[PDB]
Amino acid sequence: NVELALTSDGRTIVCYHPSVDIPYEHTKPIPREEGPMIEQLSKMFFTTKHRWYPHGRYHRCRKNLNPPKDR
Amino acid sequence: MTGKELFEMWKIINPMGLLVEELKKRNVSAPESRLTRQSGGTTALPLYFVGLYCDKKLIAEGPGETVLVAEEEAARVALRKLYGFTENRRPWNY
Amino acid sequence: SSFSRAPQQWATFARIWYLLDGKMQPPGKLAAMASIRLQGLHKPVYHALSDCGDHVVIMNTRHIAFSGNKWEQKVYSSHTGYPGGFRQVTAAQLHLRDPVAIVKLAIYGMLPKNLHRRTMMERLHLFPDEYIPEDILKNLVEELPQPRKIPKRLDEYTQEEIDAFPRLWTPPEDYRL
Amino acid sequence: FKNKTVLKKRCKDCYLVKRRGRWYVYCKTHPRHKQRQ
Amino acid sequence: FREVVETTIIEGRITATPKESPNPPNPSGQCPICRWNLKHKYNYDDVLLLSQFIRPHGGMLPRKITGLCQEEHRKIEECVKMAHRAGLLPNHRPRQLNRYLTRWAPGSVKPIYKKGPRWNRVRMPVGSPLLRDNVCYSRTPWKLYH
Amino acid sequence: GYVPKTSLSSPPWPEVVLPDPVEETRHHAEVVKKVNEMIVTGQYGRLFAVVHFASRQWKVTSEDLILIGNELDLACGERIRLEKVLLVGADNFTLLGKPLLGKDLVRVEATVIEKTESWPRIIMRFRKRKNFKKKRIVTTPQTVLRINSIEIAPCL
RNA sequence: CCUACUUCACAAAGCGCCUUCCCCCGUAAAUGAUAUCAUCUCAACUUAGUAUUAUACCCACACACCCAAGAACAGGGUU
Ligand SMILES: [Zn+2]
Ligand SMILES: [Zn+2]
């Protein structure tokens, strides 16, 4: 849904792209132990087990607790 | 206030109620909250887009993890659009 | 736009559920589509460390189609690790045993060979037939077009199309046929 | 069957047939003529 | 087309026979393929074209009867084999793994237990080399071996 | 020349027909006029611009910060016009140069906010078993610019 | 596995006893075209023709002492 148009001199391309709204008809009304724990978490979040095991103090201390923040 | 968000600066409670009040001031009926898009509804990481419709016309839609959160965020987006404090509004002139 | 920071981030990095129909499709083309989606290489916000993969639900994997004689020639090799544990099984035998293994292995081979591969395979959902569990069906968001367009059979062609196609030759009348 | 690099019909009833991927010379009269590529 | 009917007494009756469609695009050609400008523009899945040279039970028709070139008769025969093996002619039968582009009869190929090294890989044939000269609509040539 | 409808009779991609030049020019003029009227009436919020500065292209908007990896021979706080604007876009329209937009269309202005050195960068060379080890520390001059405003004019 | 025999003796053993269950494919055929016969078919098709190992086994989330359980740990029992 974009309108392309060179200008008369042909030196600049003009693109008209209005934002199209979602039609009302295209919408639905609003409705009104360590082992087993890690298996449950992996099933819940569609991950593997390895993510949920802890890490040693060395890794934990290596993690930066005051990371730079942008925007 | 550059880079700040409207409701990051102005803390509000019940944005849906506040939006309903504003629409009443504008003599407009209460918007219909309606589920425009959704993803993974039965999982632990759902995505919902809820749009507020004024007479079958979309005024603002917002995303969220639950339908309630998406509706609340859509209310916030509608308030931003009504007040002209949208993210892509004309930047301040200096 | 004009979302709050947290909802905006959630929307951008939310994972979508795609549906592939494996009926009469090459497992390799299915695997290319699925591997792209599982990695997240279909998102402009993709990055290997962003965990931006999506869910892929492939149905009718029992009805995949191999081109050529791959059903008889393609051999899947495995070793149990024990001496004499080397097993070589053709594609047809593997399909009869597990109606999911062929697509699963194609996708597994196409995914990058790193530690994210099995996490990606956790987001892959393979179903031999048209049946899909209700929660997965409710999760479904989009259906991807089938990579191979299924050719029509004569039994499927309409009489109008048959008439539209010209007769190519005059058969001699005095022929048994 | 005898394995032959080159298949040669021996009598008139020796016929070449490509079966199970390879060429054979079969013969009803003289099964001694049976050849396999 | 003559058909033999029994009752014992048997007799052959000539029935309705289709004729070539009017206005061939290229009249005065060797083969029907040349007459209709289809030299390199049909594939195994073009059942409408292929079935016109097929016995009611699936067999090919002889080159003398069809009038096809030698090369075109070979191409049609191989394309019909591929269409049959892909199941595109369910009604042209004498009386479950989906396939297509199968060069060999399924029961005659042996599994590739030892695919060679990279420089001597044993590849799985796909399609037919007879169609190598078909019209190429792709940047890369279509591969006959996988 | 007619070929019966087969799989290979026609190219797989859909056939494309060039629109008639008269209607193409009419539609082009209509779209250009609509966007020009939007510019006249100020029917746009934030503007972004792709600008070629130094050697690179920067996606830029008002209040943005840009780090040039060289000194610019400008005093801090000095205002500047970035003259090579390749693209300017709004919510509802974009203007594309071929390759550059005109000076009459867009005006992107920046301000030299900082003149600094980069953090020390290490260049080490090492070759095993050759007694070959060299170390150098380099700091690159840098200028931080702030994009103050992007202005467009109805000169389409 | 220990009822006998034997080495032996509150048990461990053999020299003693008990139990052990499905196939793989080379070919041989049927109909049948290309090539109106024929032709087992890297033609379509129909059989011998089977691995898609069938099973079987295991499955209880949460001191001390004894043990046919055992290096430790673990396991079983303590009504
Ligand atoms: Zn003989
Ligand atoms: Zn010809």
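The figures that follow rest on heavy atoms only: side chains count, while hydrogens, waters and symmetry mates do not. All chains are named by letter (A, B, ...) in the order of the sequence lines, taking the proteins before the strands, and each is independently numbered beginning at 1.
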>> Taking G:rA64 as the reference, what is the distance to G:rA72 when you measure between their P atoms (whole Å, please)?
In response: 15 Å
>> Tell me whether the NZ or CZ atom of D:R19 lies within the 45° cone about the ring axis of D:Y26 and under 6.0 Å from its centre.
In response: yes
> Side chain of D:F1: nearest nucleotide among G:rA35, G:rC42, G:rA28?
Replying inline: G:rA28
> Which of the following nucleotides, G:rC42, G:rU39, G:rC40, is nearest to the side chain of D:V17?
Replying inline: G:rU39
> Which of these nucleotides, G:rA43, G:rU41, G:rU34, is closest to any side-chain atom of D:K18?
Replying inline: G:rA43
> Given that C:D98 and C:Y175 both sit by RNA chain G, which one's nearest nucleotide is further toward the 5' end?
Replying inline: C:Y175
> Quantified in whole Å, what is the P atom distance between nucleotide G:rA51 and nucleotide G:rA43?
Replying inline: 28 Å
> So, are C:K152 and C:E161 salt-bridged, with charged N and O less than 4.0 Å apart?
Replying inline: yes
>> If we count only N and O atoms by modelled type, under 3.5 Å, do the side chains of E:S21 and E:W36 hold a donor and an acceptor together?
In response: no
>> Under 4.0 Å from OP1 or OP2 of G:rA28: is there any side-chain N or O of D:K34 that close?
In response: yes
> Going by number, which of residues 96-106 of chain E have a non-hydrogen atom under 4.0 Å from RNA chain G?
Replying inline: E:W104, E:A105, E:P106
> Between G:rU36, G:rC45, G:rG26, which nucleotide has the shortest distance from any of its atoms to the side chain of D:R36?
Replying inline: G:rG26
> Using the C1'-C2'-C3'-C4' torsion, which pucker class fits G:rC21: north or south?
Replying inline: south
> Under 6.0 Å from the CZ atom of D:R32, do we count more than 12 heavy atoms belonging to anything else shown?
Replying inline: no
>> I need the CZ-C1' distance between C:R87 and G:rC24, as an integer number of Å.
In response: 13 Å
> When the ring centroid of A:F46 is compared with that of C:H125, is the distance short of 6.0 Å?
Replying inline: yes
> Can you check the E:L89 CG to G:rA44 P distance for me, whole Å?
Replying inline: 13 Å
> Between E:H73 (NE2) and G:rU36 (P), how many Å, whole number?
Replying inline: 10 Å
> When you compare G:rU41 with G:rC58, how far apart are their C1' atoms, in angstrom units rounded to a whole number?
Replying inline: 50 Å
>> Taking G:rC17 as the reference, what is the distance to G:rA4 when you measure between their P atoms (whole Å, please)?
In response: 15 Å
> Are G:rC5 and G:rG14 a pair by Watson-Crick or G-U wobble criteria, both distances short of 3.5 Å?
Replying inline: yes
> What is the distance from NZ of E:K110 to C1' of G:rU27, rounded to the nearest Å?
Replying inline: 12 Å
> Using a cut-off of less than 4.0 Å, is there contact between a side-chain N or O of E:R85 and OP1 or OP2 of G:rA44?
Replying inline: yes
> Whole-Å distance between G:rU46 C1' and E:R95 CZ?
Replying inline: 8 Å
> North or south sugar at G:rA51, going by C1'-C2'-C3'-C4' (positive north, negative south)?
Replying inline: south
>> Regarding C:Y108 and C:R118, do their side chains bring together a donor and an acceptor under 3.5 Å, going by distance alone?
In response: yes
> Where does the sugar of G:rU19 land, north (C3'-endo side) or south (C2'-endo side), based on the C1'-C2'-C3'-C4' torsion?
Replying inline: north
> Roughly how far apart, to the nearest Å, are G:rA60 and G:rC65 at atom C1'?
Replying inline: 25 Å
> Considering heavy-atom distances to RNA chain G, does E:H92 or D:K28 have its closest nucleotide positioned more toward the 5' end?
Replying inline: D:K28
>> Using 30° and 60° as the class boundaries, would you call the ring planes of F:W13 and E:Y137 parallel, tilted or perpendicular?
In response: perpendicular
> Expressed in angstrom and rounded to an integer, what is the separation of C:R97 atom CZ from G:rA51 atom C1'?
Replying inline: 8 Å
>> When the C1'-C2'-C3'-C4' sign is the only test used, does the sugar of G:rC73 come out north or south?
In response: north
> Would you say the side chain of D:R20 and the base of G:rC40 hold a donor-acceptor pair, judged only by whether the two atoms sit under 3.5 Å apart?
Replying inline: yes
>> With a 3.5 Å limit on both atom pairs, tell me what G:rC73 is paired to, counting Watson-Crick and G-U wobble, or say none.
In response: none
> G:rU52 P sits how many Å from C:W71 CH2, rounded?
Replying inline: 13 Å
> Just wondering, do E:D46 and E:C79 contact through their side chains at under 4.5 Å, heavy atoms?
Replying inline: no
>> Counting only side-chain heavy atoms from C-beta out, which of G:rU36, G:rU52, G:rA28 sits nearest to C:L96?
In response: G:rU52
> Rounded to the nearest Å, what distance is computed from the CG atom of residue E:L144 to the P atom of nucleotide G:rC42?
Replying inline: 21 Å
>> Say we look at G:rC59 and G:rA28: how far apart would their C1' atoms be, to the nearest angstrom?
In response: 50 Å
> Any idea how C:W71 and C:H95 line up, ring-wise: parallel (<30°), tilted (30 to 60°), or perpendicular (>60°)?
Replying inline: tilted
> Would E:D45 and F:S7 count as having a side-chain donor-acceptor pair, cut-off 3.5 Å?
Replying inline: yes
> If only side-chain N and O atoms of D:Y24 are considered, is one of them under 4.0 Å from the OP1 or OP2 phosphate oxygen of G:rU39?
Replying inline: no
> Are the charged groups of C:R153 and C:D155 less than 4.0 angstrom apart, N to O?
Replying inline: yes
> Does the pair G:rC40 and G:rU41 meet both stacking conditions, six-membered ring centres under 5.5 angstrom and ring planes under 30°?
Replying inline: no
> Are C:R62 and C:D129 close enough for a salt bridge, meaning some N to O gap below 4.0 Å?
Replying inline: yes
> Partner of G:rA43 by Watson-Crick or G-U wobble geometry, both contacts under 3.5 Å, or none?
Replying inline: none
> So, north or south for the sugar of G:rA4, given that a negative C1'-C2'-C3'-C4' angle means south?
Replying inline: north
> When rounded to the nearest Å, what value does the distance between P atoms of G:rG49 and G:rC22 take?
Replying inline: 16 Å
>> Heavy atoms within less than 4.0 Å of RNA chain G: which residues of residues 44-56 of chain E have one? Give them sorted by number.
In response: E:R55
> Would you say G:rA56 pairs with G:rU78 if a pair means Watson-Crick or G-U wobble with both distances under 3.5 Å?
Replying inline: no
> Parallel, tilted or perpendicular: which describes the rings of C:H55 and C:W17, with under 30° parallel and over 60° perpendicular?
Replying inline: parallel
> What integer number of Å spans the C1' atoms of G:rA11 and G:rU6?
Replying inline: 16 Å
>> Students often get this wrong, so: under 4.0 angstrom with heavy atoms, is C:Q93 touching a base, only sugar-phosphate, or nothing?
In response: sugar-phosphate
